[PDB]
Amino acid sequence: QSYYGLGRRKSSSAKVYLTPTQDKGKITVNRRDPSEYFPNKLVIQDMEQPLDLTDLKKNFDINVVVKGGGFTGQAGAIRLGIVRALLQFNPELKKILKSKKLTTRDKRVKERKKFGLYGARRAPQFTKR
Amino acid sequence: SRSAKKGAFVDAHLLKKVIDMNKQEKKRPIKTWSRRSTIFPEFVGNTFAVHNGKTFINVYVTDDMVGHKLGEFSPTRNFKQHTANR
Amino acid sequence: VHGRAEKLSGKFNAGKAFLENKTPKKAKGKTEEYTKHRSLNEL
Amino acid sequence: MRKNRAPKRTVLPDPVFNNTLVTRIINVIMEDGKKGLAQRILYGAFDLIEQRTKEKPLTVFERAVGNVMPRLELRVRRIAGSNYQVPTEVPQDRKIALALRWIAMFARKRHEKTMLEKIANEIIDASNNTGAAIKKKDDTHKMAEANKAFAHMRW
Amino acid sequence: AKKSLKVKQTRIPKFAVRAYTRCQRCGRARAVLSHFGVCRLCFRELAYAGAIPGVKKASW
Amino acid sequence: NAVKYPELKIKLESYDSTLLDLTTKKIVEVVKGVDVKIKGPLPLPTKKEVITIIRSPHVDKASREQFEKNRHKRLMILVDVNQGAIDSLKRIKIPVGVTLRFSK
Amino acid sequence: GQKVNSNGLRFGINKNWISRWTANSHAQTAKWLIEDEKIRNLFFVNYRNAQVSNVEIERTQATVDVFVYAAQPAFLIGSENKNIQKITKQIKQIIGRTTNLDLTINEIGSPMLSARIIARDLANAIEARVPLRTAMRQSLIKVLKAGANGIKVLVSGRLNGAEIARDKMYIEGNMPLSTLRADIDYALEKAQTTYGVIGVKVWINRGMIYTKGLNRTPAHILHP
RNA sequence: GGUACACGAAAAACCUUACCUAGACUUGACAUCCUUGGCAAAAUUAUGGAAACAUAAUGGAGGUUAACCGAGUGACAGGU
RNA sequence: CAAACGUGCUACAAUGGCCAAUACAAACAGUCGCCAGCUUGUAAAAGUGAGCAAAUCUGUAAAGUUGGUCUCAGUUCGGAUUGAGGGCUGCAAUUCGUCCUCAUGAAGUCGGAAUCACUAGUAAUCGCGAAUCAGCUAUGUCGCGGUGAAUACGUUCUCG
Ligand SMILES: [Mg+2]
Ligand SMILES: [Mg+2]
Ligand SMILES: [Mg+2]
Ligand SMILES: [Mg+2]
Ligand SMILES: [Mg+2]
Ligand SMILES: [Mg+2]
Ligand SMILES: [Mg+2]
Ligand SMILES: [Mg+2]
Ligand SMILES: [Mg+2]
Ligand SMILES: [Mg+2]
Ligand SMILES: [Mg+2]
Ligand SMILES: [Zn+2]
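All of the points below concern the structure found in this document. (Residues numbered from 1 in each chain as written, not as in the entry; some residues may be left out. Chains lettered and ligands numbered in written order. Part of a larger assembly, values for the part shown. Heavy atoms only, no water.)

## Some thoughts on the overall build of chain F
For chain F, the count of helices and strands is two helices and four strands. Counting from the amino terminus, helix and strand elements in chain F follow one another as β-α-β-β-α-β. For 104 residues, the compact-globule estimate of 2.2 N^0.38 gives 13 Å, and the C-alpha radius of gyration of chain F, at 19 Å, exceeds that figure by more than 25%. Based on the C-alpha atoms only, the size of chain F along its principal axes is roughly 70 × 20 × 15 Å. Expressed as a percentage of the 104 residues in chain F, the buried residues total 46%. Positive and negative charge centroids in chain F, built from 22 and 12 side chains respectively, lie 3 Å apart. (Helix = DSSP H or I, 4+ residues; strand = E, 2+ residues; numbered from the N terminus. Rg over C-alpha atoms; globule rule 2.2 N^0.38 Å. Buried < 20%, exposed > 50% of the residue type's maximum accessible area, 1.4 Å probe, protein only. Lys, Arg positive; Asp, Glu negative; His and termini not counted. Charge placed at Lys NZ, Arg CZ, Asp CG, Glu CD.)

This is how it looks when you write it as structure tokens:
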């Protein structure tokens, strides 16, 4: 009984596959060690906040495929992808995640640059005199 | 700057005149508008009248001026003193 | 003690050879053909 | 005119030390939007605190930061012009915020070398209530008692 | 002196680098769209009339 | 029975979208009225070009509106056609806007 | 303040394009855009006594099709189909003999509620020294009696030969300009007066379009 | 002034160019209307040329004048 | 060009400079073009030469991660200016194109009075693409993504 999740963040897709196992979860991102793929910082943990507060002792083997974005977007994508796969195993479990808003799209994307502006909403330096 | 394979550049109207003018002993100023042609060894000894924009300024080439452009040894604009605005 | 001359002279020789070589090979283009909008092969 | 306070970006969870304040100060020393560089600076400086004082860095960091916390704040009101500083009690959230901004600003001015040793030296100099952040807190504190008279009138 | 400038642009020059692109409806020389051969301010009236198929206003 | 054309890859593109959807529906309907196995009318990414032009005639570069022109694109590949399909393919009449890229 | 062109703001949403063709390359894309403009202007400037409301152009690799809607096509047709061959030869000279022309003079229904011929009638009255108020009142009431919605006429210029330019507006009904779903027809004309230039702008409302679609549906061609 | 000053100009070596100095032209480099013919303009090679332009050359697609190539011709064309 | 102002770029640096290895985008564009690979070259580039009329082929992502070095100095900061030799476009590069290589190494160590922008995928910042264009110190303009903050107690003052 496998589980499938599709996360997204900052234009970065994610396909997370949850497989039941009892020999250590052995998290894996794109067939490569996550500690070599991502920066050695809480982001490597940022993906495990919902796998922490509930549990990770169930040793779910993680098979992550992400194609797009940077690293925070990918981490957010796999977090969202991971939570959506968790929403197929144990209803009580998938709920106690919402108690922290970790099952909602962040809705934050880069805005479009506007003409006459040095950015989305910025403006040239103003000179009155 | 200018490539090697290409080499130098003269308008070839100046070149034909220079060959004729080097053969003729009694040389007189050569009136050329081509300030863009570079000075080639055969030009040496002749005198030219390059168009500065208004008149034809006379330049006497030597054994040293060889290589640069014919207009580089003449001016185009002139500025020598401002005037107190106040 | 060459005092310029020799090296710039060779460049001038190249340029004079270029100038005397000049062949009127005036042209304007490169790749050619494969320019259409197709149809229903006969409509 | 606003008369409205919309959601104030609320986040606290911390991993290495579970002290929200660590995340706040990371963002404070942040420059050019590089999180990894600033986190390395803090963690290496925290690692440097183990080798000298032989105590827990979080306990030392709180003891420094709790010591830096000011109490009175002198704001600006109009009276025929300029301002006769009126002392007001700052809320706890801003109180910590002013402390964190001050620690970093005085840390990035020390005669020391890499900010690792710099901020470490600055924080350790503030755990013994004798440093540059203390003097500023002392200065703002000393100025407020002198301008105690105008505290009753605020606006 | 515009029409004469327009006529000279139509005629082929003696050097390739002597050839510039002018607007084809009016004679404006600067700000010409090579994708359409039309300057920026002639392109607006035609686009606002529907002469160019598919060029609709953008909302992004 | 014959084929005479293996792997007929018809490609459609147009500035308009609804005409493109209507034309693919008509093409599919005709091609299924004859004996051809359509792979499927898949959509391809639409190439969009945007040109930014100053509204004002003389001054005020800041005020500049924008325009777009989308080249909607679709693909449809026929396996085997034969005269039975090909002869019926001659009477289709594709509305001008739609552009065909038959590659045989 | 300044407003966006009413016709141009509604193109590609509720309004189709007047010229529908796809060119091969950017060099033939410029010729095919100037050629229809010369062609379109020809119909409107001269051959004006006909009240030609709109001309659409449809071109393929080599076949040119012209669809001209008019209120009185007799002037185009001429005496026993005379003027028509002439205009055809004119059109052929403009595009080129190497192509195929396919004129399709179509008579128009409900000619009034079209902003083109209404503006043309307004422009003719002003050039004929007719007083503007009187000219305007007759055109508005006749259009309104035809059974349409509000009409908006802007007549800016050296009004009545004056030395100081003015502008006169005249609304008569609901003109929702901010709405995209409305069927608003817009046209602009240059009245050439002996004292200068007069700008006439006509906004006409022909109901509400509740059927989604990039038109592909006859416009002011249907009858009452 | 805000509402000009990386603005018109989303590309000034030549061209662009509207400026100056010069060398050349006059129903004109472009257009119509009229009396009138079309048995060309090009491009390119020569010579003189700063290049305009001149004198000589292959005399040119075509379609019998369609378009243009012209003559004659005054209304006029032209002006950033 | 004796000068003054506006808008930007580059800096005054170890939150960094240099060297090596290396991971992750989106959008757009392309047959006088994109140009892979190969050969030559200290390099700009040249030659050969496929592939791509394009979800196919091409347009090296940089910040970021690790390792080495520099040890606070007008410096391995900073690049101006200047000299020479090369490459490309183009009839043609002196007035007046830009790129590379070598040589030099101005000022500047956080900037007075006074001011500008800004309430999240935002400031700050790192790259990428397109337009006009033979070429162009566009550091400009229009767009795309990577990382990604702080603060808002309140209307007493200030401008509208
Ligand atoms: Mg004019
Ligand atoms: Mg040019
Ligand atoms: Mg103004
Ligand atoms: Mg010039
Ligand atoms: Mg003949
Ligand atoms: Mg004849
Ligand atoms: Mg592939
Ligand atoms: Mg490579
Ligand atoms: Mg340096
Ligand atoms: Mg130079
Ligand atoms: Mg706001
Ligand atoms: Zn124009």
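## Here's the deal with the interface of chain E and chain F
Listed per partner, the contact involves 17 residues of chain E and 15 residues of chain F. Carbon and sulfur atoms make up 58% of the area that chain E and chain F hide from each other, which totals about 1500 Å². At the boundary of chain E with chain F, the tally comes to one salt bridge. Its salt-bridge partner being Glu65 of chain F, residue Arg44 of chain E comes within 2.5 Å of it at the nearest N-O pair. Linking chain E with chain F are eight residue pairs in polar contact, by the criterion used here. Counting only elements with at least two residues in the side of chain E that touches chain F, the list comes to α2 (40-47) and β3 (55-57) of chain E. Among the residues forming the side of chain E that touches chain F, the class breakdown is nine nonpolar, three polar and five charged. In the sheet, β3 of chain E pairs with strand β3 (residues 64-80) of chain F via three bridges, with the strands oriented antiparallel. From the neighbouring strand, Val55 of chain E faces β3 of chain F, where its bridge partner is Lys69 of chain F. (Contact = heavy atoms within 4.5 Å. Buried area = accessible area lost by both parts, 1.4 Å probe. Salt bridge = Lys/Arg side-chain N within 4 Å of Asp/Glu carboxyl O. Polar contact = N/O pair within 3.5 Å; in protein donor to acceptor, adjacent residues only side chain to side chain. Nonpolar A, V, L, I, M, F, W, Y, C, P; charged D, E, K, R; others polar. Pairing = 2+ DSSP bridges.)

## A short note on the protein's contact with RNA strand I
Every one of the 98 residues lining RNA strand I counts as a neighbour, but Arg121 and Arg122 of chain A, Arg36 of chain B, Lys34 of chain D together with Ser34 of chain E are closest to it. Sugar plus phosphate: this is where 67% of the atoms of RNA strand I within 4 Å of the protein reside. Residue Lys47 of chain F places a side-chain N or O atom 3.1 Å away from a base nitrogen belonging to RNA strand I. Counting residues per element, the ones that place at least two in the surface near RNA strand I are α4 (72-86) of chain A, α1 (20-29), α2 (35-53) and α4 (92-107) of chain D together with β2 (42-54) and β3 of chain F. The dominant element in the surface near RNA strand I, judged by the number of residues it contributes, is β2 of chain F, at six residues. The class makeup of the residues in the surface near RNA strand I is 26 nonpolar, 27 polar and 45 charged. (Near = heavy atom within 4 Å.)

## Concerning the packing of α1 of chain D against α2 of chain D
All names here are of chain D. Interaxial distance between α1 and α2 falls to 9 Å at its minimum, and their mutual angle equals 120°. By the angle between their directions, the pair α1 and α2 is classed as oblique. Between α1 and α2 lies a crossing of right-handed hand. Contacts from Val22, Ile25, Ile26, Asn27 and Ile29 in α1 reach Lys35, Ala38, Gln39, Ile41, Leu42, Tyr43 and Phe46 in α2. Along the lines of polarity and charge, the residues of the contact of α1 with α2 split into nine nonpolar, two polar and one charged. (Axes fitted to C-alpha atoms, helices over the stretch in contact; angles between N-to-C directions. Parallel < 35°, antiparallel > 145°, perpendicular 65-115°, else oblique. Left-handed = near helix turned anticlockwise from the far one by under 90°.)

## What to know about the protein's contact with RNA strand H
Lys128 of chain A, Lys3, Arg22 and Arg30 of chain E together with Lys61 of chain F are the nearest of the 32 residues found near RNA strand H. Near the protein, meaning within 4 Å, the atoms of RNA strand H are sugar or phosphate in a fraction of 68%, with bases accounting for the rest. In the model, a sugar or linking oxygen of RNA strand H is placed 2.7 Å from a nitrogen or oxygen of the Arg18 of chain E main chain. Contact between RNA strand H and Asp60 of chain F: a phosphate oxygen at 2.8 Å from a side-chain N or O atom of the residue. Counting residues per element, the surface near RNA strand H draws most heavily on helix α1 (residues 3-10) of chain E, which supplies three residues.

## Structural notes on the sheet that holds strand β3 (residues 56-60) of chain B
Residues and elements named next belong to chain B. Read from one edge to the other, the open sheet built from three strands follows the order β1-β2-β3, with strand pairing classed as mixed. Two strands in the sheet have a free side with no partner beyond their single neighbour: β1 (30-32) and β3. Across the sheet, the axes of successive neighbouring strands diverge by a mean angle of 30°, strand direction being ignored. As judged from the five bridges shared by strand β2 (residues 47-51) and β3, these two strands associate in the antiparallel manner. Among the inter-strand pairings, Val50 is bridged to a residue of β3, identified as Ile57.

## Quick notes on the environment of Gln138 of chain G
Among the structural elements, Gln138 of chain G can be located in helix α6 (residues 132-145). Of note is the side chain of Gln138 of chain G, whose polar atom sits 3.2 Å from the side chain of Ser139 of chain G.

## Remarks on the interface of chain E and chain G
Contacts between the two partners involve 18 residues from chain E, matched on the other side by 21 residues from chain G. Summed over both sides, the interface between chain E and chain G buries roughly 1600 Å², with carbon and sulfur atoms accounting for 63% of that surface. Across the contact surface, chain E and chain G share zero salt bridges. On inspection of chain E and its partner chain G, the count reaches six residue pairs in polar contact. Of all the elements, β3 of chain E adds the most residues to the side of chain E that touches chain G, at three residues. The residue inventory of the side of chain E that touches chain G, partitioned by class, reads nine nonpolar, six polar and three charged.

## Quick look at the pairing of strand β8 (residues 196-208) of chain G
Residue and element names in this part refer to chain G. In this sheet, β8 lies alongside strand β5 (residues 151-157) in antiparallel orientation, the contact comprising seven bridges. Pairing of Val155 across the sheet is with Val200, part of β8. Bridge count for strand β7 (residues 182-193) against β8 is eleven bridges, and the pairing is antiparallel. Each bridged residue has a counterpart across the sheet, and for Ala187 the counterpart in β8 is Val202. The hairpin formed by β7 and β8 contains two residues between the paired strands.

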